[PDB]
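This document starts with one chain, in the form deposited in one PDB entry, laid out as structure tokens.
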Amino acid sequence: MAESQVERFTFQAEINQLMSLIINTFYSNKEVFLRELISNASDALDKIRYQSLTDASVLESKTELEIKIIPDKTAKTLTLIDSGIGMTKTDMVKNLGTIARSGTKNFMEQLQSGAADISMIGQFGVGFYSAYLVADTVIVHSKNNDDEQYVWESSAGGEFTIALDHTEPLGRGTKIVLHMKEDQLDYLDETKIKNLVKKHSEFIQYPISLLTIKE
């Protein structure tokens, strides 16, 4: 018998609103979700990279600085793994939903006024939530040098959970799994995703591997 403690958290009110907005509104061009996944991976990779300049020991958990992108049609998932800095449990609790952040209300206001469109979400520091343009459920596995591996999960609806992660160890970094909406499964088509990764990684300084799963 396996045993696991799972903690449930409620999204901050504005974050809940933003998630409903991203989910319950039709947006015709959703490819920003991929730009954001890759940009966030790159940011996390930058952070560990710069940390390694002043402290070489930070890389001992995983030497490679790389991104892996894994479309899996059978599983209806898109997975993006980085070997960046990773996030502690508290990092994920604080930054993946409980704490109100500086750009949330401003983004929502600009969405409604037309000052911003959905593709500009990243500028407001809430680009993670763009995953809900294409996914019903998002799972974030993360491993920071200062903590054990944890797994965050949400299907929106106002709550997330976080638990000690007993799945494949990352060494260091973050593995985000998007459980794709039935209407957005075309994002798992091999050629489509390969080419979109090319399109949205033009300024990325880290190796990317595209691993297409066949079952």
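Residue numbers run from 1 along the displayed sequence. What we label the rigid core is the largest C-alpha set whose atoms superpose within 1.5 Å from one form to the other.
Heads up, the form deposited in another entry isn't pictured, but that's what we're talking about next.
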| item | value |
| --- | --- |
| Sole member of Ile139, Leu111, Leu133, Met92 with a C-alpha shift of at least 2 Å between this form and the one not shown (core-superposed) | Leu111 |
| Threshold 2 Å Cα movement between this form and the one not shown at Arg101, rigid core reference | yes |
| CA-CA separation of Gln184 and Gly103, closer or farther in the other form than in the form shown [shift of 3 angstroms or more] | farther |
| Pairwise C-alpha change, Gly103 versus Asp136, in the other form against this form - closer or farther, 3 angstroms or more | farther |
